[PDB]
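> need coordinates for the following:
(chains A and B)
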Amino acid sequence: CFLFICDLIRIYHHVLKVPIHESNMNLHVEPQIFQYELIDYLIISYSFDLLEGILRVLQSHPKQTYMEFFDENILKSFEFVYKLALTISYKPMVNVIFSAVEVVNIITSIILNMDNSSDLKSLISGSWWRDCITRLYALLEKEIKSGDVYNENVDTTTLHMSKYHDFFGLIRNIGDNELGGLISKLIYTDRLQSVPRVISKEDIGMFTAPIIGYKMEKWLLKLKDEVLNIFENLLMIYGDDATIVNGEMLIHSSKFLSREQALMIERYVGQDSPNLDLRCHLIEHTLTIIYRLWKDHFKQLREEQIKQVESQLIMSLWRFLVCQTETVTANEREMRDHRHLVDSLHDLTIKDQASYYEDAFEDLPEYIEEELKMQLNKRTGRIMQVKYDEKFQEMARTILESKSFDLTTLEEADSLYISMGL
Amino acid sequence: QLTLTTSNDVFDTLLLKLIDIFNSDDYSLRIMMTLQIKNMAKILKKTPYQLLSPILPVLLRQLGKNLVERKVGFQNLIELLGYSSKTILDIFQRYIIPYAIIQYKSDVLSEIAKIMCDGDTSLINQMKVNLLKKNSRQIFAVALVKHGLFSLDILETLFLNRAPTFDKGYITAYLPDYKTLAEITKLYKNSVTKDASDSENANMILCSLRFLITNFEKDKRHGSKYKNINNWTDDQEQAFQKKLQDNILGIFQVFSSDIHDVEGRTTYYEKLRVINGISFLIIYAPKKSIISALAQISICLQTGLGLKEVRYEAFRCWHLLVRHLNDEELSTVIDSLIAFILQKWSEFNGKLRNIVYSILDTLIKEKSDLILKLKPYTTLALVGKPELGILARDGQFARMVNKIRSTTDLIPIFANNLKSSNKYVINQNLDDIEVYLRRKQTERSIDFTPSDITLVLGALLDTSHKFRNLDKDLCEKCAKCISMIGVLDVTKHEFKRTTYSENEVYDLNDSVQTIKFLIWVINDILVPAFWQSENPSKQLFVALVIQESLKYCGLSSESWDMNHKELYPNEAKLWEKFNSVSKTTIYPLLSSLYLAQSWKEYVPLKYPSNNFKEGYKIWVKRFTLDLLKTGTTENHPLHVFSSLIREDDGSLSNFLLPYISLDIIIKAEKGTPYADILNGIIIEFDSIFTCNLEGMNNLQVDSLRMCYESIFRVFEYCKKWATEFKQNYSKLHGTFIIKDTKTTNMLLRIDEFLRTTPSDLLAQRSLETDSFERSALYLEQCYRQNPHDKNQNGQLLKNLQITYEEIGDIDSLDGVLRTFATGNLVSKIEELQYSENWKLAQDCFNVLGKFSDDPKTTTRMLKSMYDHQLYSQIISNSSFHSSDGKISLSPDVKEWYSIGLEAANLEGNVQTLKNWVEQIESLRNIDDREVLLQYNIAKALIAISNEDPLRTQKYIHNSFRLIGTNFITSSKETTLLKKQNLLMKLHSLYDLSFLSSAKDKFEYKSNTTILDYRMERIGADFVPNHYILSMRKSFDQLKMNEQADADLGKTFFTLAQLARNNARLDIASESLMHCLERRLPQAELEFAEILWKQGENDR
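Numbers count the residues shown, from 1 in each chain, chains lettered A, B, ... in the order given. Okay, here it is:
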């Protein structure tokens, strides 16, 4: 079934190969019909969703029998369809990007959790991974902005979830399912036919809510959590050095960490969006993707590659060690005044969880809400970008200050420490 | 993020303020600045190199003072830019070698040599001396301004210790070079803050100009006195003014070289300092030098306005130009930026809007001579945009506005403005025409004179035909303006038709007509192309050709036009044939020194290697270029014109192709290779005609139509030239038309040139071109020359009758169908459909067309129904309704579906129109150019029945896009009889938008009265009247207002009394019966005339 769905996608070769920009004389005088485009969008998206479903039911089988699934043809066919999905020169369909990276997650997750891991690893070349990881690097450096998710804008820099493929799909409910009525209106329902019922293409779109943009940002931030999660997995697969755990996980991950701290501090604090916490979870996750790369994989962190990101590595560690000053929180009275300013949405969330959906949150015995007025406090600290967690301060400390590599000299380091105190 | 809020000037200042704290030698500041510079570069969607490269000419310029000490700062800058240390150094060698050389003796030149060549095992001396010779012009420039080194031995010795291997002092006599003068004047910093330090370098570069040009061979050495300013006596000022303007068009040539930078050699800092040089020459030069090369700086400032970061300095340079110059010699350049102001107003910030306000108030107070009465379009265009707000600023200018609109007829200055080239003025003319005609409809007195509106209609048709493959939007609004004009009466309105005229006949052998050809080609097409050029390299090449054409005419090298000579009557009477709007622009470059040969990278390709697979404008330029550089040989005056056709749009190549091919014809007795390349273009014409034409979509065949037309032109020019040559050869040289048997050998080569690739194939490739008269001409030629006693008249006539049945002529179609074509009886039946018994042929076709054996005998019936307006009988045909629906994708059913959609539009019924588009939209890839128009009109009508105004405006604009790009063709070639089938569709597209644009009956009644006004320019012919009334009919019964129904009864009554006055009371009766459900009090009288025309008198 996996091989059939992969060459089914290579039959529908052209759906994931529409060009970025059209002719200036591409006249839009045309019947402007959506029904065939809706059909082959459904074919591609349900096919990639089925590939994810095949591999997660294969993930649930006993762990001695994975070699009954995998051979050369599995990995060649997924290599083709993965280069097809995470595109470079064509318009991205985001629906297949989610599933195409979740497949790579299932692959790395079972290479970690099988006993005879060599046969998968000897079956995989180096070119497979070094074509996978560069597309993951190109995916991790794309922008997630609510005001132009659903816009059609500049290519390959904004994960954007096109208007013309906005339905759920077979596993996860990814948009607001605006094209779900058209699946039902694709047939005449009182008739036996072969051609589709005519769906006008420019009738959709009619302005009420940008909350839809917030939850699509929520999915795209979970997508980037997914990408750097499979980075975290294949650090652990290739604990020894290879072609692929090769120091560019300092470059791309430290670019990512530095920019998502920078525009968090410049743009997102006090913007009453639900997606702030997860966006400051990503940085809090990717520091660890730095950290175990620093502590446990220094043998391949080449000296020329570290100085490509010596700006951004040191600055990103500095924005964690700046929190050890902590003249902001220090009490309880003004921290809840701060979380009225930055984190009122999570007060609504925890009150809806407390009054409806949590068994522990009724008859609160004055030890279970004194944990709440510890963890809402550390949450709003971690959102307010001053006072992160102490453990991430230690992980950022033991990279810069530690002498595995001289990032700073001793007279350049205290020039950074004077810009806190010290 | 203080920098992100700023723009072009303050942005570049603040980026330098970012970098001089980037190098603060505080480590924390340095790493924080790296981080912020890189994130700022990525959130602008740039790299840090293309962020900081506009200030890299300033930033590392002062690092030439300290390149040995601040090696670490330069290393930080090169690691931030992401290039190597050499890669930013050979591209910015222009800016620091003029400062690293001239400073103190312990040079940093050793390190710039150590990087600019890798390793001292590569020799630094030759690379050092050729970098010193690479940018020596800028070194001379900085030496003359920044230090004041007006002694040539100082320059010589200060070179030769920095490089002892330098050639014979300096590279000799290169100080009065054009490039050195340009690099002198590029260093004129100017601001609104006129400072003493800003006057110091102004005086310094002025005195360096005085050193370089007026006495150089007199004063190579003794130039220390020129550093003083006020010692400049009046004995030498006019000699300076004389030597300046023999030395000003080439420095503008260098300016034109480094603004329009073709290979990406530099950023816009060069463009800023070129605009500074232009500004210096506008202030500090004599007036006759600035009247001279105005059309250089016009399309220099146009490229300045076009590029975004140099807009403000170019507006300020225009503001400097608009007041250092008179009224009348400003008309040549005012349209191109009044258009830029009005068409690019929206993205102007506060500062650009303030400097454009300072343009406009200066232009309307002190130079109202240009704006009011020299060309009144420039004031009405500024009034026409209310977002700008002209009239509230002065108030007394409104007193001139509210009388300059009336007294100036505005049509012919829309006419000669739509023939322009740049897209900004021919969007402003379209936005002014669509407001002008909208005012004249409600004014009800737009002129239709039996100042003609047909002039601007021909201009609009040529404008839409010019842009068929570029910018669909101006063809959209252009076709919308044509629809706002409407259908003209074909009787009392006609295009220009300059065919019986001087008629382009010029012998390229005698002198007296070659000079007339050159003065004509300068006057009509080279002088306009001189001004309206896009890149300045094309304007320089036009200047070169228009100079060398004056040099062939004996006007350039000697100077006589100062009127102090006066002993040149032969040159004065020659000069007077130029008109003044060409005289003023051709006068400076008599004595100019343009020289742009640029040879020996040409590689003449042999001919049947075709250029079709790229395009038409590729093909005709390459073919013209392969011709004229292989058949002219540098003395015949068409040789210079080759400099124009490596940047042509294909128009000038198509212009010169008949003349150069005809001059290749007269090379006789093959002998030379001049007739060997003739055999190349014979088989190239064979490659044109004998082509495939299928397997390619509707744009390669369009290029093939153009390739047809471009070489039909050379056939008619060879024929015209040969006949006029015989005529004037028998006129002047004797009377008996035979002589010497050698000019007869000229006249035989055109005869085998007009009998090669012969007829039955000119006609075959021209009737598909749609030149039906030309196809009829070649069919008659291959009737007479073909022995027509033999039986070739079967394959000759199945397309010969096609060439009459849409040429408009019936009386030869009826004459050819009844003469030598009388085999089949069906041919005798097809005579009835044009001779008043057409319905006797209709019901014969209805049962011939219900045999289901041929696909084309059905479409014969459908076209014969459509030509006789049987729309309800088309939509009820069983050729479409098998049971309810129609067949799949369309081989020839597209010709059926076009007629079906069009007849379904012309009868207004939402049910038969709403399920037709259910069948159109079930298709996959509709290729047909003709179906999609009537489809878009159909969905406009379906949305207009759903009370949806913006959606039907959307689909009518789709219809205008499709007509303006695909359906429309060239004016001044076709008739108005063949445009009329398209003008009726445009006139019916306008009234749907004009009846949809209403909210209640108060303006709906006014719209219907305006449309009844539009039914008076229409003429009186039945087909457009019935079409436009059928479309108002189809509007008024899809919008079920009661006022629309009261309109609908009026439409049916006008259809009825239209059709009974035109001998077609078959549909007058079935239209008047719609006036009986409404029960009008007037149909009892109208049925009397229908009874009278039918033939029953007594009833």
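
> what's the burial count for the residue of the stretch 801-950 of chain B found nearest chain A?
Chain A sits closest to residue B:921 of the stretch 801-950 of chain B, with a gap of 4.5 Å, by Cβ to the nearest Cβ. Every C-beta, even on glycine, is put in place using the N, C-alpha and C of the backbone. Using other Cβ atoms under 10 Å in any protein chain shown, residue B:921 has 21 neighbouring residues.

> quick one: contacts for it?
A:31, A:33, A:198, A:200 (Cβ atoms under 8 Å, 6 or more residues apart in numbering or on different chains).

> with neighbour count added, can I get the residues you listed in TSV?
TSV is the format used below for the contacts of residue B:921 (neighbours: other Cβ atoms under 10 Å in any protein chain shown):
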residue	neighbour count
A:31	20
A:33	20
A:198	17
A:200	15
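
> chain B next: which of the residues you listed are close?
When contact is defined as Cβ under 8 Å from any Cβ of the partner chain, the contacts of residue B:921 meet chain B at A:31, A:33, A:198, A:200.

> what backbone torsions are found at residue A:19?
Phi and psi for residue A:19, reported as degrees, to the nearest 10, are phi -70, psi 160.

> what sits against it?
By Cβ under 8 Å, 6+ apart, the residues touching residue A:19 are A:89-91.

> give me the PyMOL select line for the residues you listed, limited to the buried ones.
This is how PyMOL selects the buried members of the contacts of residue A:19, with burial counted by 16 or more other Cβ atoms under 10 Å in any protein chain shown:
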select buried, chain A and resi 90+91
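
> now, among the ones next to chain B among the contacts of residue B:921, which is nearest to residue B:1029?
Closest to residue B:1029 out of these is residue A:31 (28.4 Å), distances taken as Cβ to Cβ.

> and the closest one, that's in a strand?
No: per DSSP: H, G, I helix; E, B strand; the rest coil, residue A:31 lies outside any strand segment and is coil.

> what sits against it?
Contacts for residue A:31 were tallied using Cβ under 8 Å, 6+ apart; they are B:917, B:920-921, B:923, B:926, B:932, B:935.

> coming back round to it: out of the contacts of residue A:19, who's near chain B?
Applying Cβ under 8 Å from any Cβ to these, none is adjacent to chain B.

> redo the contacts of residue A:19 as JSON lines? Include secondary structure.
Listed next are the contacts of residue A:19 as JSON lines, based on three-state DSSP:
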{"residue": "A:89", "secondary structure": "coil"}
{"residue": "A:90", "secondary structure": "strand"}
{"residue": "A:91", "secondary structure": "coil"}
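
> thinking again about what came up before, which one of the ones next to chain B among the contacts of residue B:921 is nearest residue B:282?
Among the ones next to chain B among the contacts of residue B:921, and counting by Cβ to Cβ, the member closest to residue B:282 is residue A:31, at 56.5 Å.

> now that closest one: how far from residue B:917?
8 Å (Cβ to Cβ, to the nearest Å).

> how far does stretch B:516-529 sit from its chain's centre?
Taking Cα atoms, centre = their mean, to the nearest Å, one finds the center of stretch B:516-529 at 18 Å from the center of the full chain.
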